[PDB]
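So the structure is just underneath, and the comments pick up after that.
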Amino acid sequence: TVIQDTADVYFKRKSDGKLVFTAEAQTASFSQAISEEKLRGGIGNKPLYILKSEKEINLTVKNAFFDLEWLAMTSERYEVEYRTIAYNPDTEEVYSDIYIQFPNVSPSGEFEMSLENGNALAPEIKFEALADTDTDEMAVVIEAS
Amino acid sequence: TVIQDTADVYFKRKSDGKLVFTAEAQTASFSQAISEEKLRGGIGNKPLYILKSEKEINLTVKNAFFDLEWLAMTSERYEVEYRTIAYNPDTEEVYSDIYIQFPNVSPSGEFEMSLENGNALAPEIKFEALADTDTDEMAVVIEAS
Amino acid sequence: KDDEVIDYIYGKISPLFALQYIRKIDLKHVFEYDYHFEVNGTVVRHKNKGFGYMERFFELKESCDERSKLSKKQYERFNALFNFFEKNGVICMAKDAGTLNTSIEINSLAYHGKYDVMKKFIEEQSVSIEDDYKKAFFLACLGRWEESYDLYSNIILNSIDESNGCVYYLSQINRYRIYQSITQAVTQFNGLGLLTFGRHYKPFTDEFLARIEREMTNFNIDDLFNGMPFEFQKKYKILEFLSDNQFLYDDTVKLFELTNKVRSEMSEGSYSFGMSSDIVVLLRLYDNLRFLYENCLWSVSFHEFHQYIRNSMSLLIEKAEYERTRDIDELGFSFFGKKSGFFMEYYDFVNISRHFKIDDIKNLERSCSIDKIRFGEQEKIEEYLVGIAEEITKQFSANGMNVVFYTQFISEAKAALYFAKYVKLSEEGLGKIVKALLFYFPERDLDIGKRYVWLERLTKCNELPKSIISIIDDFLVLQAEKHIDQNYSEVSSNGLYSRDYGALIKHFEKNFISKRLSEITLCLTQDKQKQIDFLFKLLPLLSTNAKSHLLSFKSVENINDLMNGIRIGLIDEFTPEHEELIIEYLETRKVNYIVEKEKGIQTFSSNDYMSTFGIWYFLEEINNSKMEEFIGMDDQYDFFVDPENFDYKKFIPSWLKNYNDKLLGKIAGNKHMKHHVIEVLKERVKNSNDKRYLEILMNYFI
Amino acid sequence: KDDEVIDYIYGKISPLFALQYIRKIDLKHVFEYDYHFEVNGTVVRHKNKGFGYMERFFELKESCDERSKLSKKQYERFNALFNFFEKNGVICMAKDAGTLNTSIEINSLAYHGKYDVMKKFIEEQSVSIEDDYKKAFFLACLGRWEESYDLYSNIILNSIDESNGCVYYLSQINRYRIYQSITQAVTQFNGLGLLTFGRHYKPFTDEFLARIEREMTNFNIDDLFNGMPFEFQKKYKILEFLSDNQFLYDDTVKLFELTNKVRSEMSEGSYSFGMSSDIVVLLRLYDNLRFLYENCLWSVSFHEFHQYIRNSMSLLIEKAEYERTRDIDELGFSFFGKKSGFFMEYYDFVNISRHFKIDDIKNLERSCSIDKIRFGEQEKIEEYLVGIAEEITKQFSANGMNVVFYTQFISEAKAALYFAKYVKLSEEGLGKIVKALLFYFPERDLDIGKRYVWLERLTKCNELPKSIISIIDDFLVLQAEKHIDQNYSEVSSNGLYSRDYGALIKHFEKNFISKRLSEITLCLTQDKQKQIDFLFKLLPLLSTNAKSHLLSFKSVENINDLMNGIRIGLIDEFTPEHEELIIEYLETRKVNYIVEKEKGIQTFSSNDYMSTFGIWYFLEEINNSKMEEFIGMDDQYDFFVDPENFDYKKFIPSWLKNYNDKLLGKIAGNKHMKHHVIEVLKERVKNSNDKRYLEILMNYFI
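Chain order of the listed sequences is A, B, C and D. Using our numbering, you'd call the opening residue of the first sequence number 609 and step up by one each time. Using our numbering, you'd call the opening residue of the second sequence number 609 and step up by one each time. Using our numbering, you'd call the opening residue of the third sequence number 2 and step up by one each time. Using our numbering, you'd call the opening residue of the fourth sequence number 2 and step up by one each time.
Structure (structure tokens):
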């Protein structure tokens, strides 16, 4: 009965494809607001209209485990493979599974060296989906069915 | 800097001219909601109109100190003598004081039987201003210049 | 080999069967932080030097052949460990975790609503020291705090004799708590009970208080654990946290941080995978409740636990409301769609009833819409309610009643009868419920107005059959009979009287003529004028001949009589004499006001009648022009009689939300008031989104 | 006896002089609960059976005659006590006190972030162990953790024999805290340091880490107090609060209980009198900050304190925001003079900036309206911000910035620059801040999008002078030069680039041309195609000849190129080639979608361009019937192309935010869809509580 989306996140070097770490999905915030310029500082004309809305995808994982090879060897780019089982309301456990992926992501963790005095092991790593001029965001979804 | 019109709540017996306790007033909630027959069910006819609004006044004090004589001697009715100093924005400190009273009140507190650990020193007594058929609300305001 | 892991786990768990239940969170203390035991049963590896600490045991569970390789002794030990780990709720090692199941935990009748079964147990002869422990908890729950204290001392001696460490420890803590409750009760009695009643109750005799004070003093549980034998400390490190007097040292902090996290989730609009924050909130809550109750700890009465449970349940309900009003994004729907709703089972009803106070239930109902969520286990809730009503009726019909039990039980009964609005009830259950509500419910706690509004709430969901109408008729006739004495009057904290009972009866049954009231009226004469007024209040209920008799005996003579007559339908129009009477009342009020101008003006009861006269003037009911002369008396009066000249800066939010339907339509009719009223209305709703303001703004004005 | 009173209180208070400051509450531990020292300053007569020596002391403080008859030594003792009680904040008894005042007086160098004076005091010679103590705190605050650890060891070595109990005890606490800091820091550098920084930053050398690991092993902090001599613990009970690792639980739970009370007061709509629960939390918050910072304890760096102060300040802000909008009721305002409104001061700014996060500052901004609160003491805040910018520029002007001090200071600098939107600054300060932000803020910790949005935030309260235009032009030209390389790609987390900096410049100053970019263009060549693309974005930001050169070198025939030309004003109308190109893209996407049907559907990005095309079609821009054939990808496309056919159940309300005023008006003008959008919005603003929906509803009242 517990929420049955124990997703498996694979963090792999986008440069070569070498697996970096593996973790358990914890949360995924989506935000869409027009913070470009001031509340309404966008550029427009009588015959011109441009969608200036910008959106950020923020992700957070837990219990990340690092590949031995990567720790050994040590513009860099990284990809995240989100692996979840599809659970429709009619069939709470469908054989078809949903593959999410964020091929481009930056390890911009908000941990920022937290020195709490508590004996808890939760190195929650934040992620922001980086973009480019051609690609608005790099998130991609697929349906197995 | 903080509220500078400390309230003096004199609780006196209504039957005879004796004082029961004195306390430092803490808050005064007011409520006005139509609950007669839920929000609908009140009397209504084509040419008739009757105000069925029913309102309640709840008071809470602190650090109540009861008269020695009242303890010694012990339909009963009680009166409250809220004593604040009227302070206007133009005159933050005024010689004139505001005198609020509750001649028809019921001494009933929810603190009764609170068994907190480390015996507490906040005997916050609640008060409900009982009404009557003739008097919709008994509380009265008078400013002494 | 397998025998090694079996012996190791059984050695760690051997002395832990004495407790009827343990929180799983504390199981880490058993294994020295080697594994982290989540709430959902998964055992996540945290630290380990060897192999087969626990994973080997799980594999044995999976592979029956591995369990077969064991000797007979190890076979029985593994069977016992399997039974215990099933009972606790611990699941397979986290490394291998499937779909874990989450439901409310199991509990005892002590937690449930069972008082008669509880008294039968006390009557019987005790079997073992565990039975004495349970009996003492039951006694302390039934109000006989002196008897519970005596029994706790008895079992302290018995456990000293039998060398049962856990029983000794738990008895010490519970006995200290009962002493605290008794002493605080004596002090609060002498403090306020004199004011409530008039002659202070002394359920606890003074010599008994001196005896308890002399028996124990300068004793603080904060050191108790340090005195227990070292073996008990090494084995039972789970109970160490009970010793402190500042109970709930850690749980409140975890609640605070989890609550801030949950509020951040609601604000951000962020989805959750795996066990969310609310799920761990619920699991922690039920682990705490089960450990306290099923192990029979007396610290469930104290206000700390009540505050903790209040916060947990309010957070859960707020989160459920949000999940019911949270807009879903297409990618969010891809992550999850059609998430399960919030089911309020019978356990949730019992917890909300026991651990809240009526102002707090009011707060919850104000913030959230509890009526939109569907309830479950209707039959169990109805049984609990009927048990409540039967208990109150049995205890109050006779003279017998314990004041300590009154304090410890009336809050629960009040909250349960209040929270039974949404649960459907059986006709026999409803009959017993109302019969206990209207007849034998004390007047010290519930006065008439609160009684009426609770009756209305019960009416809401399951309507009234004819039997309940008969009960209400009996109540009304009892009031009429009580009305013989001259000294009798009517008092209502909320301003509701018997006329509203009559109105309820009449609205339910389009025709209902009560013969007993008519007989009493025919029994009345001139000398019983007070009863004549009372019977005037409930006039439509009685028969025609009684109506003629009463109308002969008296008629309208003042503003109060006119008000009641227009209320209960005899007078459908204002006669010239009546409006003349209102004019004289206005003149009297004006002279009083000009006299008081030197003093501080006040309008509390007069404002009601003046506002009503203004409303009638607005509605084109009264054509008398003299009322205009009294302009400037009261803000609302001027607002209604002459809105144009009235300056629109005296508007109060009280009127701006507690508006009135037909009057609302009429305000919408008039442009002159409409401009300013809609301006202030939209300003106020923009500044704060209050539901009633939105309803007014969206329904009538536009 | 006045002399006995003075001698007794002096005997109680003399050891407290060594401490720089002591909390008001903890004073109760000094007198063994004889008096309950309220935070306000008063001292209520808690249960005691003594002389009332505080009463006589305050009498002496009142009457000059009483203190003039004191013996000389007693006179010096009395005036010393007077000085001490003036310093701490104690005033008089509760009955006598009529009205009191509050202020914040933290005056440590650490609190005002004085880094230069800190290092100067470090390098200057010391004369006493107190000086070494302040030096060590300064070093540790400065990031030189190894030096701070060694200095603390030296301080302990000297203090154990110099008989300074307070210094020895606090130095033990500080050494443990710094050890924890270094250990967790190296653990973050080893594993997560590689991922985060891209290197194995090892500021701490291996032998040093081993030295600390074996130096203070098996040191239980919880025993520290019990190890100190008896006299210290008897005389300094106030400091027991610091020994436990899980300290400041008491303040966390007491903040939990005063958060429940204040929330209930918001819910009911009450009217508190005397000392509100908000005043108690404020006093406790600035009594904790002052104690810890003034006494120089390292625990002020950890995360627990950050969470505590975040919750306290957030609660104060929400309470003030609520009170700003309250029901009038003509009752509360009359009691006290005017209103004790919440206004922001420099101390509040420092607290918010240091102790919050950017995600946590956005929550407080989304809940309340911070900009309505009034800010005071502008000059002090300008000094703080200019200091921050000077430090960052000085550190990034060179290649030497301590990695452990760069982790401690970047969060504070980020929060300060973020929260400096509301405060007012001088033109010199604006130039300094903007230049530091744009040129020397590390690119790993603040990428282009965040940089742009923070610069935009700063320029809201203060308009842009010409110096800011010059600074931003310099930074932009630096980027243009950097883009000569054919491997330089931009990364924008929020979706904002250098083109948006150009937008900000050409917005705040309508006429402006950067000749540096013009001369860069004159040297532009076909080989540097990437430079042509980057510098093509800022077309109005160049000169006429530069524009001609850029136009000659490349055309605008591509989807991204067409979008850029639309955004920068290069192209105003879609030519036949343009419509053909977009139709070509739509056909390619159609075939891709057809393929995806059999291979799963991916739709996030192309629906962006398709949505823009649909909006263009709605507004009568695209005049080709071909777009109707491309209908099939349901992501706002059909809803804007064929409103009637589109199933309005699929509509998502959240799409309304991204539209503009013109688009809102045009959609409202559409009759084929108005009813369903308005009903969705009204049920959306009735169930949810987002104001922006109510604004869209004001647009949609029609």
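All C-beta atoms in this analysis are idealised placements derived from N, C-alpha and C, irrespective of residue type, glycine included.
inquiry  = For the alpha helix (DSSP H) containing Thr260 of chain C, name the first residue and the last one.
reply    = Numbered from its first residue, the third sequence carries residue 260 of chain C at position 259. Taken as a continuous stretch (DSSP letters only), the alpha helix (DSSP H) holding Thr260 of chain C covers 252-269.
ask   = If you check the beta carbons only, do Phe336 of chain D and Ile658 of chain B fall under 8 Å apart?
value = If you number the fourth sequence from 1, residue 336 of chain D lands on position 335. If you number the second sequence from 1, residue 658 of chain B lands on position 50. Going by C-beta atoms, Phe336 of chain D is not nearer than 8 Å to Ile658 of chain B.
message = Contact criterion: CB-CB distance below 8 Å. Does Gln634 of chain B meet it with respect to chain D?
response = For the purposes of this step, residue 634 of chain B is identified with residue 26 of the second sequence, where counting begins at 1. Output row for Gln634 of chain B: interface = yes.
query = With 8 Å set as the bound, which would you pick, yes or no: does the beta-carbon of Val688 of chain A sit closer than that to a beta-carbon of chain D?
reply = Position 80 of the first sequence, counted from the first residue, corresponds to residue 688 of chain A. Not closer than 8 Å to any Cβ of chain D, the Cβ of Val688 of chain A fails to qualify, so no.
task = Determine the contact status of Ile92 of chain C and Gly42 of chain C, defining contact as a CB-CB distance below 8 Å.
result = Locating residue 92 of chain C in the third sequence gives position 91, where the first residue counts as 1. Locating residue 42 of chain C in the third sequence gives position 41, where the first residue counts as 1. Yes, the Cβ-Cβ distance between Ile92 of chain C and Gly42 of chain C is below 8 Å.
inquiry  = Assess contact between the region 625-633 of chain B and the region 616-633 of chain C, defined as three or more Cβ pairs (one per stretch) separated by less than 8 Å. Is contact present?
reply    = no
ask   = What is the rounded straight-line gap between the Cα of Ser104 of chain C and the Cα of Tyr407 of chain D?
value = By 1-based counting over the third sequence, the position of residue 104 of chain C is 103. By 1-based counting over the fourth sequence, the position of residue 407 of chain D is 406. Between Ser104 of chain C and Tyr407 of chain D, the C-alpha separation is close to 48 Å.
Cα-Cα separation between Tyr169 of chain C and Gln409 of chain C, rounded to whole angstroms = For this step, residue 169 of chain C is matched to residue 168 along the third sequence. For this step, residue 409 of chain C is matched to residue 408 along the third sequence. If I take the Cα positions, the gap works out to 26 Å.
task = Identify, in the order they occur along the chain, each residue of the same chain with its Cβ nearer than 7 Å to the Cβ of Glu60 of chain D, setting aside the five sequence neighbours on each side.
result = For the purposes of this step, residue 60 of chain D is identified with residue 59 of the fourth sequence, where counting begins at 1. The answer, listed in chain order, is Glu67.
task = Could you spell out where the beta strand (DSSP E) holding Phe306 of chain C opens and where it closes?
result = Here the question's residue 306 of chain C lines up with position 305 in the third sequence. Where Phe306 of chain C is concerned, there is no enclosing beta strand (DSSP E), although the alpha helix (DSSP H) it sits in stretches over 304-326.
inquiry  = Cβ closer than 8 Å: which chain C residues qualify as neighbours of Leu695 of chain D?
reply    = Counted from its first residue, the fourth sequence places residue 695 of chain D at position 694. The contacting residues are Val686, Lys687, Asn690.
ask   = Under the three-state reduction of DSSP, which class applies to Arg568 of chain D: helix, strand or coil?
value = As a working note, residue 568 of chain D is residue 567 in the fourth sequence. Three-state DSSP puts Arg568 of chain D in a helix.
message = Would you call the region 155-164 of chain D in contact with the region 189-208 of chain D, where contact means no fewer than 3 C-beta pairs closer than 8 Å?
response = no
query = Which ranges does the alpha helix (DSSP H) cover as unbroken runs of at least 4 residues, wholly within the region 660-748 of chain A, from first to last along the chain?
reply = 676-681
query = Run through DSSP, which three-state label would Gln640 of chain A get?
reply = Indexing the first sequence from 1 puts residue 640 of chain A at position 32. Three-state DSSP puts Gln640 of chain A in a strand.
key: Bounding residues of the beta strand (DSSP E) (the contiguous stretch that carries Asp616 of chain A)   = Translated into positions along the first sequence, residue 616 of chain A becomes position 8. Segment 616-621, the beta strand (DSSP E) holding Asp616 of chain A.
message = Cβ closer than 7 Å: which chain D residues qualify as neighbours of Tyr695 of chain B?
response = Residue 695 of chain B sits at position 87 when you count from the first residue of the second sequence. The answer, in chain order, is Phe336, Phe337, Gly338.
task = Using a Cβ cut-off of 8 Å, pull out every chain B residue sitting near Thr613 of chain C, in sequence order please.
result = Working through the third sequence from its first residue, we reach residue 613 of chain C at position 612. Neighbours of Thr613 of chain C on chain B, chain order: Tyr657, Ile658, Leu659.
ask   = When the Cα of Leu518 of chain C is compared with those of C:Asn488, C:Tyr498, C:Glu558, C:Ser471, which residue comes out closest?
value = In the third sequence, the residue the question calls residue 518 of chain C occupies position 517. Answer by Cα proximity: C:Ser471.
ask   = Whole alpha helix (DSSP H) runs in the region 167-194 of chain C with 4 or more residues, listed along the chain?
value = none
request  = Would you mind reading off the limits of the beta strand (DSSP E) that contains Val45 of chain C?
outcome  = Residue 45 of chain C sits at position 44 when you count from the first residue of the third sequence. That run of the beta strand (DSSP E) goes 44-46.
key: Rounded distance between the beta-carbons of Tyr112 of chain D and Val351 of chain D, thought under 8 Å   = Stepping through the fourth sequence from its first residue, residue 351 of chain D is reached at position 350. Stepping through the fourth sequence from its first residue, residue 112 of chain D is reached at position 111. Rounded, the Cβ-Cβ distance is 7 Å, consistent with contact.
inquiry  = Any beta carbon of chain B sitting closer than 8 Å to that of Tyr272 of chain D?
reply    = Looking up residue 272 of chain D in the fourth sequence gives position 271. Output row for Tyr272 of chain D: interface = yes.
8 Å Cβ cutoff, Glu366 of chain C in contact with chain D = By one-based count along the third sequence, residue 366 of chain C stands at place 365. Not closer than 8 Å to any Cβ of chain D, the Cβ of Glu366 of chain C fails to qualify, so no.
query = Is it true that the CB of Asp740 of chain B sits closer than 8 Å to the CB of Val492 of chain C?
reply = Here residue 492 of chain C refers to the residue found at position 491 of the third sequence. Here residue 740 of chain B refers to the residue found at position 132 of the second sequence. Cβ distance < 8 Å, so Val492 of chain C and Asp740 of chain B count as in contact.
ask   = Given residue 1 of chain C, which residues of its chain have a CB within under 6 Å of its CB, disregarding the five upstream and five downstream residues?
value = Because residue 1 of chain C is not part of the residues shown, which for chain C are 2 to 703, the question remains open.
message = List, in chain order, every chain B residue whose beta-carbon is nearer than 8 Å to that of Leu101 of chain D.
response = Translated into positions along the fourth sequence, residue 101 of chain D becomes position 100. Ordered by position in chain B, the residues that pass the 8 Å Cβ test against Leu101 of chain D are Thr609, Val610.
ask   = Hey, quick one: how far does the alpha helix (DSSP H) through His37 of chain C stretch, first residue to last?
value = Residue 37 of chain C sits at position 36 when you count from the first residue of the third sequence. Element bounds for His37 of chain C: not the alpha helix (DSSP H) but the beta strand (DSSP E), 36-38.
request  = Have a look at the DSSP bridge pairing and note the partners of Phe629 of chain B.
outcome  = Here residue 629 of chain B corresponds to residue number 21 of the second sequence, with the count starting at 1. Partner(s): B:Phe619, B:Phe674.
task = Could you name the residues of the same chain whose beta carbon sits closer than 7 Å to that of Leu332 of chain D, not counting the 5 residues immediately before and after it, in chain order?
result = As a first step, residue 332 of chain D is located in the fourth sequence; it is residue number 331 there, counting from the start. If we look at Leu332 of chain D and ignore the five residues flanking it on each side, its Cβ neighbours are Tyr272.
ask   = Hey, out of C:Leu293, C:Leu587, C:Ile14, whose CA is closest to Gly615 of chain C's CA?
value = Residue 615 of chain C sits at position 614 when you count from the first residue of the third sequence. Minimum Cα distance to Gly615 of chain C is reached at C:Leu587.
message = With a threshold of 8 Å on Cβ separation, who are the neighbours of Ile157 of chain D within its own chain once the five nearest residues in sequence on each side are excluded?
response = Taking the fourth sequence and counting its residues from 1, one reaches residue 157 of chain D at position 156. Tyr169, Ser172, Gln173, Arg176.
request  = Give the single residue among D:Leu542, D:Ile393, D:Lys548 whose Cα lies nearest to the Cα of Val478 of chain D.
outcome  = Here residue 478 of chain D refers to the residue found at position 477 when the fourth sequence is read from its first residue. That would be D:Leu542, whose Cα lies nearest to the Cα of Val478 of chain D.
ask   = Any Cβ of chain A within less than 8 Å of the Cβ of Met699 of chain C?
value = By 1-based counting over the third sequence, the position of residue 699 of chain C is 698. Closer than 8 Å: no.
task = State buried or exposed for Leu256 of chain D, treating a residue as buried only when at least 16 other CB atoms are found within 10 Å of its CB.
result = Walking along the fourth sequence from the start, residue 256 of chain D turns up at place 255. By the 10 Å Cβ count, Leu256 of chain D comes out buried.
Endpoints, the alpha helix (DSSP H) within which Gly430 of chain D is located = Within the fourth sequence, numbered from 1, the residue matching residue 430 of chain D stands at position 429. 428-441 is the extent of the alpha helix (DSSP H) around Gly430 of chain D.
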